[PDB]
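Accompanying notes for the structure given below.
There are 2 protein chains.
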Amino acid sequence: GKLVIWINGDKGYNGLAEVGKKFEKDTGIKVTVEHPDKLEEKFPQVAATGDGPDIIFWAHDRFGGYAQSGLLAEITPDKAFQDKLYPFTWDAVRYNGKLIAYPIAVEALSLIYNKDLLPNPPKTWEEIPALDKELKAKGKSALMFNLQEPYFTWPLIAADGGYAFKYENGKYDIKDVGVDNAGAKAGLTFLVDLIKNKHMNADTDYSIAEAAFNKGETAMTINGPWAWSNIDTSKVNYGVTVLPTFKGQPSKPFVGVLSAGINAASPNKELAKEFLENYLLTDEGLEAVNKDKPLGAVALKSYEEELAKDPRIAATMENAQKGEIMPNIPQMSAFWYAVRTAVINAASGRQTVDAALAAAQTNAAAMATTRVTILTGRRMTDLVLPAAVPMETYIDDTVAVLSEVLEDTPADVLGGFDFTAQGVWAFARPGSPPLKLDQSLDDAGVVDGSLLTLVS
Amino acid sequence: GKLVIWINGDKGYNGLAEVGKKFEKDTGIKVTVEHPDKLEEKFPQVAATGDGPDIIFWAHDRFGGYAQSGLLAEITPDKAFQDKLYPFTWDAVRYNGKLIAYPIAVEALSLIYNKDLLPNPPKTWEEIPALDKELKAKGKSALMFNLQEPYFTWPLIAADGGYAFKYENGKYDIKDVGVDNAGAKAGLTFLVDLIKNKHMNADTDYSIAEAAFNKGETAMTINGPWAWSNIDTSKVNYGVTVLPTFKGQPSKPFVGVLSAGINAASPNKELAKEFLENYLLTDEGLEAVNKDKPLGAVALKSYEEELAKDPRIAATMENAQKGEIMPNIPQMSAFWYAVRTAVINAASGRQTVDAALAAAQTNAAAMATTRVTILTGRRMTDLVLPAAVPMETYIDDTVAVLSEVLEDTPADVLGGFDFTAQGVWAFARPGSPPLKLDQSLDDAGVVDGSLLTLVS
Ligand SMILES: OC[C@H]1O[C@H](O[C@H]2[C@H](O)[C@@H](O)[C@@H](O)O[C@@H]2CO)[C@H](O)[C@@H](O)[C@@H]1O
Ligand SMILES: OC[C@H]1O[C@H](O[C@H]2[C@H](O)[C@@H](O)[C@@H](O)O[C@@H]2CO)[C@H](O)[C@@H](O)[C@@H]1O
């Protein structure tokens with residue numbers, strides 16, 4: 006028996022391996038920590054083919070998609086264990102009423118600044134250009150951060166109204182995306198103007214921003230707790246504070262709960278459970294990871310209470326409360342690819358802000374569906390159809406499906422409909438002109454449950 | 006403005022028209038009560054084309070479907086009014102969290118018997134053949150009831166294991182249908198044998214059975230409270246009692262809550278509300294209807310208490326307690342059509358019991374969908390596909406749909422996935438042989454969430 010763990014390369018993987026060593030000492034079970042690039046993207050393929058890790062660490066947003074596809078083992082910790090972690094952290098790793106991972110720590114981005122360059126950091130994003138111009142006369146810049154991952158730019162986009170999926174009545178609506186509204190637009194435009202006026206560069210990534218900050222070349226960066234360890238070993242005298250406002254509004258970072266899921270195909274699930282409950286999620290376990298790269302606000306009450314007085318963590322939590330806990334619904338992956346695309350294109354000039362976000366809006370609503378009711382004589386049959394795709398793309402196979410569904414329907418209630426008959430088929434509302442085939446159901450203004458017929 | 010009301014022709018429509026005349030007297034608003042044949046089948050088509058009644062009366066089972074398709078207005082009685090009816094009746098008219106009709110009364114089938122022909126009615130279905138021989142010697146028969154509508158045969162079909170859709174933790178599973186299991190077969194076979202052995206006739210419908218019982222030609226019938234009025238005016242001395250057992254188990258009638266829905270296109274929604282709240286659902290209103298044809302155990306607490314003492318209503322409730330409240334899910338009507346034809350065909354000998362029920366099982370089960378996740382490169386996309394239809398029927402348009410949904414996806418993530426076919430498209434699990442195109446997802450053992458790829 007053995008445990009293979011996947012964790013991101015920016016986290017305390019060496020510290021986690023120390024917890025692994027201790028576990029091995031006590032049980033004979035070897036633990037191997039790995040940090041492959043794009044592990045959150047690779048996990049589905051490998052997990053499905055029996056090649057995945059036994060345990061995967063990532064922020065909770067990815068785990069809904071994994072769970073929906075059966076990739077993660079349901080977690081059944083006793084109430085004694087559940088009590089040891091904050092309740093809102095368990096909420097982050099619940100999918101369809103089941104717990105699907107162990108929560109580890111709460112992460113939010115903060116503003117990190119160099120006290121020697123910048124004794125008083127700006128309250129507002131709008132101050133940055135003037136500050137940069139002043140700093141440029143001394144061979145420095147105001148602000149550098151990773152522009153290749155939308156995680157980092159989201160706080161600014163959401164500040165004046167950008168949102169991912171509309172939440173209400175317990176539910177996220179994947180048809181209602183907030184990536185093209187006025188707020189998101191104003192946020193991204195502000196970022197792109199920073200680039201145009203040479204206050205930032207479109208190609209700046211994680212390592213470039215981190216090096217600039219840790220070498221005293223830029224006055225500010227935006228990052229999470231994991232980054233503090235490299236800043237400590239550097240010269241820099243730094244603080245961690247609330248993100249700047251934009252148009253008077255707090256920056257609203259998406260908050261992640263670093264979580265550990267168990268592969269549903271692991272041959273060693275019981276050992277994974279014992280490793281995480283009795284070794285990792287202890288004061289001693291989290292200390293070993295946190296000492297390598299800080300976790301932020303850990304989900305473990307006893308240790309959280311112990312670190313809470315650290316001002317860097319207090320600032321993490323201040324930024325967290327101003328932000329939003331990420332959804333964990335499956336469509337988050339598609340949201341993130343869309344926003345990533347939109348930020349990168351707009352920043353580089355390949356697309357205008359309007360065009361980038363309009364496309365992202367389109368795409369984040371991946372395969373939204375509309376339920377329609379087909380009326381065939383007196384028989385009604387519900388169909389789930391793509392909302393945004395033109396009707397002509399799927400009408401033929403849809404008529405063939407209905408044919409098979411209704412084949413044993415008694416003919417009295419069928420109204421004489423014969424789907425085997427030849428035809429140029431189209432949808433129509435009863436007593437109305439047919440819907441044009443080159444439109445989607447959305448284009449046609451069709452709501453869930455709408456009654457439709459077919460006509461030839 | 007006027008109110009046009011539809012109610013079934015077995016109900017107290019003259020009594021209801023009397024409540025109508027009182028409303029007209031007080032308000033000047035004319036009320037027209039109509040009882041068209043098959044009104045529950047007609048309602049969707051006419052309602053969608055602006056020709057429906059303002060108010061429709063039917064058992065609650067139909068109203069989920071009407072509501073899903075926007076044909077019913079949302080009902081907003083204040084709490085004072087809601088407290089006047091039993092909570093369980095409101096539950097019956099709740100669809101997706103909204104009240105969609107006013108509940109009027111609880112209806113269950115009972116056994117009705119001629120006390121002069123049969124002082125002690127049988128406790129078991131199994132007794133009926135021998136009882137019928139005795140009664141034939143006297144020119145009479147034992148039992149006659151409507152065989153043309155599955156409502157009346159369902160209690161027997163359900164006794165030893167028949168069910169419509171399996172229910173558990175809050176939700177009905179339309180993939181899990183109980184129409185062709187051993188219990189349902191057992192029940193329906195018993196019925197078909199009564200007909201083979203000449204204890205009943207397959208052609209017997211509602212009027213024939215009613216006429217025979219009310220003339221004193223048959224010792225028993227099976228019917229609901231609406232029927233008692235015609236027996237009262239007849240010379241028959243009758244009792245209403247618990248249905249007989251089958252294989253030692255209670256007959257389980259499907260219980261309906263007769264309910265009044267308001268048409269979403271009614272130009273007179275407020276008038277219908279005042280009529281239903283302040284005129285029908287009062288002791289005086291319900292009494293007027295009940296005096297024409299009995300309603301059963303009414304939803305209005307004040308009047309239900311007044312009539313509870315009546316042993317005919319107590320027997321109704323006893324039968325209701327042994328049975329089950331009907332689902333109001335939209336799939337109910339399709340279920341009913343399938344079972345209707347299945348019983349008629351077995352009873353006539355046109356098909357065997359096994360083949361009739363197999364077809365109704367397949368017909369009620371063919372509406373279901375399965376959620377799958379398609380992996381293209383490292384990108385996952387959820388699709389909602391028909392569960393019981395062969396994959397080949399919809400694969401081509403499905404691939405075309407997916408191509409359109411993915412066309413603005415960034416390419417690094419699609420990992421060189423080739424969208425142009427090397428011949429026939431097929432689904433496959435990651436790293437596994439393809440699924441057979443002539444099978445459904447159900448045949449292939451695919452559950453909700455399954456990770457599939459596309460291969461050619
Ligand atoms: O950039 C989109 C990306 O954002 C988040 O990923 C974070 C992660 O939560 C942190 O733990 C940290 O490692 O940085 C990542 C961003 O580079 C989402 O969790 C992730 O799903 C999403 O793709
Ligand atoms: O036979 C199937 C039929 O059953 C029920 O209809 C009942 C109705 O509930 C009663 O009020 C009474 O009038 O008799 C009907 C049977 O003829 C369901 O309510 C109906 O939806 C279904 O088609």
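Residue numbers (the entry's author numbering), protein chains in the order written: chain A, 6 to 461; chain B, 6 to 461. In this text, a Cβ means the ideal position worked out from N, Cα and C, and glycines have one as well.
Here's the rule: buried if 16 or more other CB atoms are within 10 angstroms of the residue's CB, otherwise exposed. What is residue i?
i: B/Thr357; result: exposed
i: A/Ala72; result: buried
i: B/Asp66; result: buried
i: A/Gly421; result: exposed
i: B/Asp56; result: exposed
i: B/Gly436; result: exposed
i: B/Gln427; result: exposed
i: A/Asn324; result: buried
i: B/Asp387; result: buried
i: B/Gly102; result: exposed
i: A/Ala293; result: buried
i: B/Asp185; result: buried
i: A/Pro335; result: buried
i: B/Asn125; result: exposed
i: A/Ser455; result: buried
i: B/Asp88; result: exposed
i: B/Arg355; result: exposed
Could you give the DSSP three-state label for residue i: helix, strand or coil?
i: A/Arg99; result: strand
i: A/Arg384; result: strand
i: B/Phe424; result: coil
i: A/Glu292; result: helix
i: B/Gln73; result: helix
i: B/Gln153; result: coil
i: A/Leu116; result: strand
Does the distance from the C-beta atom of residue i to that of residue j stay below 8 Å?
i: B/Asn295; j: B/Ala97; result: no
i: B/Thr375; j: B/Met385; result: no
i: A/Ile318; j: A/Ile227; result: no
i: A/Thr32; j: A/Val9; result: no
i: A/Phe86; j: A/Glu289; result: no
i: A/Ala270; j: A/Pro108; result: no
i: A/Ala189; j: A/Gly175; result: no
i: A/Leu152; j: A/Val348; result: yes
i: A/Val260; j: A/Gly328; result: yes
i: B/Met396; j: B/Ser461; result: no
i: B/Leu140; j: B/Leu196; result: no
i: B/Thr346; j: B/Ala365; result: yes
For residue i, report the span of its beta strand (DSSP E) as first-last.
i: A/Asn228; result: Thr223 to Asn228
i: A/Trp63; result: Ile60 to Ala64
i: B/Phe259; result: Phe259 to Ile267
i: B/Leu8; result: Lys7 to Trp11
i: A/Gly244; result: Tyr243 to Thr246
i: B/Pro108; result: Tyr107 to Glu112
i: B/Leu148; result: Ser146 to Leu148
i: A/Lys171; result: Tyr168 to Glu173
i: B/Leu457; result: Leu456 to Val460
i: B/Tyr284; result: Careful: B/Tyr284 lies outside any beta strand (DSSP E) and carries neither H nor E.
Since residue i is in the alpha helix (DSSP H), which residue starts that stretch and which ends it?
i: B/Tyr91; result: Looking at the DSSP string, B/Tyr91 is not in any alpha helix (DSSP H), and its letter there is neither H nor E.
i: A/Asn125; result: Careful: A/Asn125 lies outside any alpha helix (DSSP H) and carries neither H nor E.
i: A/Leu276; result: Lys274 to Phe280
i: A/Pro299; result: Note, A/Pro299: premise wrong, no alpha helix (DSSP H); not H, not E.
i: A/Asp137; result: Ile133 to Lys141
i: A/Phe432; result: Taken as a continuous stretch (DSSP letters only), A/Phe432 belongs to no alpha helix (DSSP H), being part of the beta strand (DSSP E) at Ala431 to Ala433.
i: B/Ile34; result: It is not in any alpha helix (DSSP H) - B/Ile34 carries neither H nor E in the DSSP assignment.
Since residue i and residue j are thought to touch, with beta carbons under 8 Å apart, how far apart are those beta carbons, to the nearest angstrom?
i: B/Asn242; j: B/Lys120; result: 5 Å
i: A/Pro230; j: A/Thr321; result: 6 Å
i: B/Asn268; j: B/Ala52; result: 6 Å
i: A/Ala147; j: A/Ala207; result: With a Cβ gap of about 16 Å, A/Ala147 and A/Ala207 do not count as contacting.
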